[PDB]
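Visitor: Below is one structure. I have some questions about it.
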Amino acid sequence: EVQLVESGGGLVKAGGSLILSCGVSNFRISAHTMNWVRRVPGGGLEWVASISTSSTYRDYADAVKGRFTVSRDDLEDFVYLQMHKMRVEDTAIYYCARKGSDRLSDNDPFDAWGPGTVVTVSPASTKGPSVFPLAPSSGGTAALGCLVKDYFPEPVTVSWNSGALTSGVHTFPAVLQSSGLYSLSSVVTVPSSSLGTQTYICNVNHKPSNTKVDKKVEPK
Amino acid sequence: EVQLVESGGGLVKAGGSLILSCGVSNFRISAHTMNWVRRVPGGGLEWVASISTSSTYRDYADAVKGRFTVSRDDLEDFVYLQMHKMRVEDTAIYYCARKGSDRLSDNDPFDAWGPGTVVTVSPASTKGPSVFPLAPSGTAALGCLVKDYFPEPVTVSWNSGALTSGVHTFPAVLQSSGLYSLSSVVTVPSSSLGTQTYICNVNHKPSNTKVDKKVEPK
Amino acid sequence: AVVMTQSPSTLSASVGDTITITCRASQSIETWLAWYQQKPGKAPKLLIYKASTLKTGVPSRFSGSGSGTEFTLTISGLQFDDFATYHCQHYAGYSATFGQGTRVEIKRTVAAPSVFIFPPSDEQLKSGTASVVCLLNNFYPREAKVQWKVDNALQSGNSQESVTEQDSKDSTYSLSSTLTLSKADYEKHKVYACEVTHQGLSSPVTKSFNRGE
Amino acid sequence: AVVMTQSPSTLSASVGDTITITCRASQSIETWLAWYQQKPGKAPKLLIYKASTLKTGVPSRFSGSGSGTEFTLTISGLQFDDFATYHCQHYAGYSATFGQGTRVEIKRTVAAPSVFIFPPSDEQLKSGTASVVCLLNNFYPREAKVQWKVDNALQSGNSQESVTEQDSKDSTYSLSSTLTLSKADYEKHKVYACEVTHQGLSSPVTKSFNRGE
């Protein structure tokens, strides 16, 4: 029984990239023109892309020209679809369909389909950081800072007292959490004698979301 | 001048699949054997896969044979890496490298590399659901919200199955968080509240999770 | 560059009926037209190609006709396996275009939904998230609209919905909408409402609740 | 399936030194050996191929030697831009194998870290998440272990670390470890501690606080 199976669907942020694959069972793709088709939320089908035998011709839906690429691997019988600069209206179930019939001709219908893989583009391409104080609470030195959490994507810039405080500052490489959002910390060591007299404010700039936050870090 | 760029990196849950691609600028891949290499958190490089000219040879690191497939598309100058049955130790920065030299020989080093794309496999392959009451208040409606589980499916019965009339269990939705959520509801007599007890039984076989939840008025 | 217009968009009928689906092409496509069936969440199934040729295995109750710009799919003797969405398709050597699709459903009398709203449980609130749920129970036909209002401010992008398939016993549908907010937003506002518009109601029904009671 | 062993694993040196990284192969690989430079966050750069052939453009300060099973990469007159990680590689027609890498760092005197701990902010706790941050400030060398203990129970799988590049001024490193807990978990325990072990410390240092102060 001829079968096709898509792989790679998932959640993508607007603007992101995702690559789908399609594999087969009980026939070889070499003699078949291969196609990608999607079912949009409204329920209708939309032709997305076609790649002929030998990859001689590649054709695309007007809505996706320039953003998608279709490829074939006849030797291991796989088809690929690259999707870049994704838009919310790309959200759909993607099926990989074979052009074929009992006996092949120059123009056959789609006689075998995969079950479909779900591709979901969230509308938000960006999310602004949360900023939390790391309040001071050993010896002549005190450490304080800001925790910049749950933003996307990289990078963010951090300045202290609008740039006046540079000595002793460490802003760590961001790390990617299991949630898919980044977080990092920026800290500075200062004289213990300065708490209560000197004000310290971290200035966080997330240019990708055009977000700015000023956070006063005080004892306790 | 010669450039490569990988696309497709991301965060994936263990056992899942992820496809990476690699494009180039200012040369054609057709004459080059193309490779995938990854840098693991320890800092070392690990050779991952190689595909020769004409796709004649495909070779894989022992750690990934059977799970990864490499492909090449000479006509558009792309290379692909299919990764299936992914494991925590596949977490690394992935680079796409060409075998090349000023004059090509049968065995040249990796002279051009892409900047890399970060692939992260989170350790948990499943997550059990949290269940919350949808509290009621002639015809009353009550139910359970089965939230933040993965992967599908869950099954829901009411009072171990004795209550079937008026029950509707909705298709799950995929939240922006990458976890699924669904609700199951039942309509019951407005006078059954406080007298007849209602307990929804959630089963999440993929995570061997069972959850019983009493739904009472308030 | 060929626009395919399918008609009607929804076809309500009963078991045993003979029904006709029309497909129109913006320009002549000879007989290069195929018909597919698809059931919810399943892969499409090829039924007819070359305008009137049934593929092997397609029951004889299905037939196709037409040429040029006008094509017809006929189903003589609707069964229960036939309720599904049907898609027409112009196929060319190296591209194709599909119609919008026609959903074939079971005819019944209009029925207004029963509407219910459920606040977040305190347990959920304690963990940082607030899902408010609206249930539309046993209504017909499926087209209905739900709008969430928070303190009478219309919501968007923070709601999801799901619809059951047509019920086996009374041919009705049910729908669930989940509005999701952070603890902060939920606790900033007092009046939560959801408004349902549907052919069975004399006007939109709104129900609401006030936080805390 | 050739095993490649680099030596040493970390090489501490000063500007102007002449250093030698060794690569040993588990069986003869003739002269099929290449050397690569890699900078944090950047793509590897090919430095040497065929064991001793310098790639066009690579400064003459780099020189490679060796054969059979033992190979050396020599940098005569270490410069600043040369501080990076170096990987040796056996390359065959259709596969390759890399060593574990050798990190070249700026030599300086051992310096114990200053350790600071930071409870979660009230704002974050209220939002339902508790991040506790442990900071190791200006230490050398890079190897340090940080262990979290919550009411004396050792934690695993719920913390993340980030390390800075060698500091431009004092050649030290700094490190941040963040422990993430649910609000409920955080409130189920009181004493939070982070235990730091490092070559510059006579014994491990434990910094702790009581929830609520």
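Protein chains in written order, with our numbering: chain A, 1 to 220; chain B, 221 to 438; chain C, 439 to 651; chain D, 652 to 864.
Virtual Cβ for every residue (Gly too), placed ideally from N, Cα, C.
#1: Looking at the C-beta of B/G264, does it have a partner C-beta in chain D at a distance below 8 Å?
#2: Could you spell out where the alpha helix (DSSP H) holding D/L776 opens and where it closes?
#3: What residues from chain B crowd round C/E561, counting only those whose CB sits closer than 7 Å?
#4: Nearest to B/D282 by CA position, among B/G243, B/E266 and B/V435, is which residue?
#5: Would B/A344 be called buried (16 or more neighbouring beta carbons within 10 Å of its own) or exposed?
#6: Against A/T189, what residues of chain E qualify as contacts under a CB-to-CB distance less than 7 Å, listed in chain order?
#7: For A/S130, name the three-state secondary structure that DSSP assigns.
#8: Could you say which of B/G229, B/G230, B/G262 and B/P437 lies nearest to B/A360 if we only look at CA atoms?
#9: Who does A/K216 pair with in a DSSP beta bridge?
#10: Answer with buried or exposed for C/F518, where buried requires no fewer than 16 other C-beta atoms within 10 angstroms of its C-beta.
#11: Three-state secondary structure (DSSP) at C/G502?
#12: What does a CB cutoff of less than 7 Å around A/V88 pick up in its chain, not counting 5 residues either side in sequence?
#13: Which residues bound the beta strand (DSSP E) around C/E543?
#14: Tell me where the alpha helix (DSSP H) around D/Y837 begins and ends.
#15: Among D/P764, D/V856 and D/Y745, whose alpha-carbon lies nearest the alpha-carbon of B/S272?
#16: Output the distance between the C-alpha atoms of A/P136 and D/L832, rounded to the nearest integer angstrom.
#17: Give the residues of chain A in contact with D/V784, contact being defined as C-beta atoms less than 7 Å apart.
#18: In chain order, what residues of the same chain lie with their CB nearer than 7 Å to the CB of A/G114, ignoring the 5 residues before and after it?
#19: Assign A/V156 to one of three DSSP states: helix, strand, or coil.
#20: Work out the CA separation of B/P391 and A/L176 for me, nearest whole Å.
#21: With distances taken Cα to Cα, identify the nearest neighbour of C/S450 among C/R499, C/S464 and C/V542.
#22: Alpha carbon to alpha carbon, how far is B/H424 from B/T375? Give it in angstroms, no decimals.
#23: What first and last residue would you give for the beta strand (DSSP E) that runs through D/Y843?
#24: For D/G692 and D/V847, what's the separation of their Cα atoms in angstroms?
#25: If you draw a straight line from the alpha carbon of C/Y630 to that of A/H32, how long is it in whole angstroms?
#26: Whole angstroms is fine: what's the gap from B/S404's alpha carbon to B/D368's?
#27: So which residues of chain A does B/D293 contact, with C-beta pairs closer than 7 Å?
#28: Within 10 angstroms of the Cβ of A/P191, are there 16 or more other Cβ atoms? Answer buried if so, exposed if not.
#29: Does the pairing of the region 665–679 of chain D with the region 713–733 of chain D give three or more beta-carbon distances under 8 Å?
#30: State the start and end residues of the unbroken beta strand (DSSP E) segment that holds A/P191.
#31: What in chain A is Cβ-close to B/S345, meaning under 8 Å?
#32: State buried or exposed for D/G717, treating a residue as buried only when at least 16 other CB atoms are found within 10 Å of its CB.
#33: DSSP has B/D293 in a bridge; who is on the other side?
#34: Give, in chain order, every unbroken run of the beta strand (DSSP E) that is at least 3 residues long and sits entirely within the region 567–620 of chain C.
Guide: Per the coordinate set shown:
#1: yes
#2: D773 to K777
#3: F352
#4: B/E266
#5: exposed
#6: Looking for chain E here will not work: the only protein chains present are A, B, C and D.
#7: strand
#8: B/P437
#9: A/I201
#10: exposed
#11: strand
#12: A14, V121 and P123
#13: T540 to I544
#14: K834 to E838
#15: D/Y745
#16: 21 Å
#17: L134, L147 and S185
#18: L4, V5, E6, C22, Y95 and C96
#19: coil
#20: 31 Å
#21: C/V542
#22: 7 Å
#23: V842 to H849
#24: 27 Å
#25: 55 Å
#26: 14 Å
#27: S71
#28: exposed
#29: yes
#30: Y182 to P191
#31: Here the premise fails: no neighbours, minimum Cβ distance about 12 Å.
#32: buried
#33: B/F298
#34: 567–577, 582–588, 597–601 and 611–620
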